[PDB]
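Here we start with a single chain on its own, the form deposited in one PDB entry, put down as structure tokens.
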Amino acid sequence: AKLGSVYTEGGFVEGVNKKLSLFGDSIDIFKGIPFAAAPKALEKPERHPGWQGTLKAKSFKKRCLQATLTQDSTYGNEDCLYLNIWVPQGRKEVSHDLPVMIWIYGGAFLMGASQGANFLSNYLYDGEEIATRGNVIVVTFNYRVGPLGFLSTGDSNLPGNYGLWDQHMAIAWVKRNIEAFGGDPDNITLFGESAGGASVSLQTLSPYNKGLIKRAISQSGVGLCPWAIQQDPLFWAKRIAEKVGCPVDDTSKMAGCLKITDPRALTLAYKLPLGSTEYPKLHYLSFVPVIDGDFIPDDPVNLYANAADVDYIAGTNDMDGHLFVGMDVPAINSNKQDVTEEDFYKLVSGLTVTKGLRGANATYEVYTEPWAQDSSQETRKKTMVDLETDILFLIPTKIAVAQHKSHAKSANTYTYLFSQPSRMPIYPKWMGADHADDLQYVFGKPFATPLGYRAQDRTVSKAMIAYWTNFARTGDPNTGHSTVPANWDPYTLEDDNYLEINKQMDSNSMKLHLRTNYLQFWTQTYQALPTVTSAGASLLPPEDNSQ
């Protein structure tokens, strides 16, 4: 069948119907529907007022204003709040009451576009494969990124989180209109990776999404990740106002200035210092969400209450840290480059600055227990990847599933570990899954563009698409429109069970206790060490001028 012209809160919308077989199977595809009005620089989004007549939603609109790679603070403009929809259709009748999956893209909160772009190893986000292979409606949209989406003074002058408001507006529009297209409003599921994985998390915790989200999936990213929350907003708020001529040490005037400063200037003033220097950096992504007064009204760890009736999946790739540690210690497969013990200590120190050399010393100690030694420079390099994977993805993720499992009411909880080896020619033979390697499988690339894909890739992709969509349908990965390769057991604090996802999907894919001892170190021992919180009175309550 064909949807045709659908009437939504704003007016009529028309997309294209792509035929997929000689038997009626088609797929309606709408692109460019506005969920909000063109946002004003550093200002929250308003609902879109509507339009007269029909909207021809046939192509992705401008992605949000962001920087290219080197110069160009160009990639879109402020008018970018658009969403796209993919509705699988039969032949007999039109689809109705279908699960809805809203995708939130990553890109370190600084880059990103619904139009399958702004990402590295993988980037295209076409919902056709998922929609059609799982009989699910797939949605994608744009949310403000960069200074323009997350710049904040840390007070009423500039709260920040504008990018999170946009994501919320999308989710809201979908809640209110998705039935027009054949979706079931009470079966909205969110999924995302990296910053998108964290956004999904933060969106389930926000009181604003009280009863909008039914289920959620976070991939390589969660709200408790050290990188998801900016502890000291003003810090970079001043520095930005430094590059662009604005009254730095006067929040009010500074905020007024910025809000009127040129978007492209504001965008560009933020250049990631990925250069030739080893000072603690290369993971100082200043523009990320913050704890403001309302959207994220407290530390994410205390907001769990909001996600108690939300079915949740959270997972990690066995070497998520590889991509990042490489930027610090550029020894991937550099056989003619060796990592010394002090090299490891040096990385540790930088990673544990807030706890002094005591923290650095405890960490180095726990992490260097194994006897593979110098001779096994592989093991050394191996542990350096474990370290950043644990710190940036795994630990935060374990705490989030446990936390969710314990405070769950009716919600289900499932976690996973994706380990399909990266066959990137420029990485060492020991490589497992790196950050983002999951994307191609989740979005069904091995099927969409099979050229260059082994069958194993189609095996994995068939499984992941099956798990995600079954879950999006029943809250259970093992029950839905598709056949699951191996049973995925619901999480328990008792077993700490995780499905290892790869080509060998069988009864033995369900495993227990992934790096329990390190969870312990980071959460008990380490945490107990005195912090260099030492900031005098530069603490959250003192000297914030009553917000």
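C-alpha atoms forming the largest set that superposes within 1.5 Å between two forms make up the rigid core. Don't overthink the numbering: it's just position in the shown sequence, from 1.
The form deposited in another entry exists for this protein as well; it is not shown, and the discussion that follows is about that form.
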Study note, to complete from the structure: Across 280, 370, 211, 90, the single C-alpha shifting 2 angstroms or more between this form and the one not shown with the core held fixed is at 280
Practice item. Answer yes if the CA of residue 117 moves 2 Å or more between this form and the one not shown after aligning the rigid core, and no otherwise. Key: yes
**Study point:** Closer or farther: C-alpha pair residue 285/residue 121 in that other deposited form, relative to this form, given a change of 3 Å or more
**Key:** farther
Practice item. Based on a C-alpha change of 3 angstroms or more, tell me if residue 282 and residue 228 lie closer or farther in that other deposited form than in the shown form. Key: closer
